[PDB]
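Here the structure is laid out as structure tokens; the discussion comes afterwards.
So basically every Cβ, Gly included, is an ideal-geometry build from the backbone, and we count neighbours across all protein chains shown. All of the numbers you see were taken from the coordinates with simple rules; none came from a lab.
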Amino acid sequence: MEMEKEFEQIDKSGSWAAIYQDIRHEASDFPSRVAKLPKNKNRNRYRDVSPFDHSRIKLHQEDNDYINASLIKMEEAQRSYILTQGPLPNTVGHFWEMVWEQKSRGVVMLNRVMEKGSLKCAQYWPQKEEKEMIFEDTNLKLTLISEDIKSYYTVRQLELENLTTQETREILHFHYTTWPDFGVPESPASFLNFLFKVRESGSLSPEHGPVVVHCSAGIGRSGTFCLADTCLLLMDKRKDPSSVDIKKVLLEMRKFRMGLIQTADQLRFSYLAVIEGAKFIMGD
Ligand SMILES: NC(=O)[C@@H]1CN2CCN(CC3CC3)C[C@@H]2[C@H]1c1ccccc1
């Protein structure tokens, strides 16, 4: 059913809460035994948000391979994403270890360091060119190369260096800075503009490792970003773009990480972004 019609029918009937609860009831339940080991309590931001064992990203070390991060692999769309929590003070070194080991080109950040008067993630990148960061526990160096500040987002060029090898790599940091402290944006126009800038960079393309995407828990805003991207790619590949079922795509993605899309308002905003993003290509 053409989702724009499905959309007005849910709005007119005000059943967003009922649709969202149906998704919560049908979603996959897989074990997360590694996340719950006592040695990993200070590696998890939230007790109720854990990566499944089958899809978790493993750090390349023998000591402790755990990070709160999942591989979302979308077979028909031919896209992969890593969804992770905002880094903690004791996991900033893990975060960069992962980016290096997985050969990612891009990091996508959908939160501010402080929101609602509380810290939502560590300051994990350098703010000045001449003050680089060294991650003692992971043997890596990170330098700010340039910064482009726009009204809705900031793009940064970073240099990541393997100290022991002396290998360097350019990482692009895409920072969406205007998601409101409460609720969802009124219009999806600036979020869709941002998604199109990440695409144009090459960060989402198969010649690189998967993009690393985070917010505070790595399920809500992060979920909205991957769901919108995959739905729009499926609309450009299929003979009938009205066949794309956003509820079925979200349940496929929930096989790989729990809790993607945290509220009925995030679900409505995801439908809105896909409907509008289609018009801008399938029309404009
Ligand atoms: N966290 C880790 O153990 C990994 C494995 N490797 C060997 C041990 N070395 C710790 C000694 C001080 C050099 C740290 C690094 C690190 C890493 C390497 C290359 C790129 C990104 C990260």
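Table: residues versus (1) touching an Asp or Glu at 6+ places or on another chain (Cβ under 9 Å); (2) away from the ligand (no atom under 16 Å from the Cβ); (3) not β-branched (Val, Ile, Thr).
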residue	(1), (2), (3)
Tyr153	no, yes, yes
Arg156	yes, yes, yes
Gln166	no, no, yes
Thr177	no, yes, no
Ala189	yes, yes, yes
Checklist entry - Is region 216-225 home to any residue that is among the aliphatic types (A, V, I, L, M), within 30 Å of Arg47 (Cβ to Cβ), in contact with a strand residue (DSSP E or B) (Cβ under 8 Å, 6 or more places away or on another chain) and in a strand (DSSP E or B)? => result no
Checklist entry - Are any of the residues in region 219-226 of a type outside the set (D, E, K, R), more than 16 Å from the ligand (Cβ to nearest atom) and surrounded by fewer than 18 Cβ atoms within 10 Å (Cβ to Cβ)? => result no
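Specify the residue that is nearest to the ligand (Cβ to nearest atom); the eligible residues are those in region 125-151 that are hydroxyl-bearing (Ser, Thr, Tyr) and not in a strand (DSSP E or B). Before the answer, list the steps.
Here is the first cut: in region 125-151, the residues hydroxyl-bearing (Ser, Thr, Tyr) are 138, 143, 146, 151.
In the following step, the residues that additionally are not in a strand (DSSP E or B) were identified as 138, 151.
Details: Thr138: 4, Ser151: 35 Å.
Step by step, filter region 125-151, then rank; the result is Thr138.
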Item to check | Single residue of region 110-149 satisfying the filter (surrounded by 14 or more Cβ atoms within 10 Å (Cβ to Cβ) and of a type in the set (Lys, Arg)) that is farthest from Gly183 (Cα to Cα) | outcome: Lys141
Checklist outcome for this item: Of (1) without any contact (Cβ under 8 Å) to a residue 60 or more places away in the chain; (2) exposed (fewer than 14 other Cβ atoms within 10 Å of the Cβ); (3) closer than 19 Å to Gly223 by Cβ, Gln166 satisfies every one except (3)
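Table: residues versus (1) more than 20 Å from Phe95 (Cβ to Cβ); (2) within 16 Å of the ligand (Cβ to nearest atom); (3) assigned to a loop (DSSP other than H, G, I, E, B).
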{"site": "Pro31", "(1), (2), (3)": "yes, no, yes"}
{"site": "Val34", "(1), (2), (3)": "no, no, no"}
{"site": "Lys41", "(1), (2), (3)": "no, no, no"}
{"site": "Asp48", "(1), (2), (3)": "yes, no, yes"}
{"site": "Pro51", "(1), (2), (3)": "no, no, yes"}
{"site": "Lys58", "(1), (2), (3)": "no, yes, yes"}
{"site": "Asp63", "(1), (2), (3)": "no, yes, yes"}
Checklist entry - Pairs, please: C-beta under 9 Å, at least 6 apart or cross-chain, first residue without any contact (Cβ under 8 Å) to a residue 24 or more places away in the chain and in region 8-28, second assigned to a loop (DSSP other than H, G, I, E, B)? => result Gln9/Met1; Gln9/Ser15; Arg24/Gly259
Item to check | Residues (part of a loop (DSSP other than H, G, I, E, B) and aliphatic (A, V, I, L, M)) located in region 176-215 | outcome: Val184, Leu204
Next on the checklist: Among the residues of region 257-265, are any within 16 Å of the chain's Cα centre (by Cα), of a type outside the set (D, E, K, R) and in a helix (DSSP H, G or I)?
Outcome noted: no
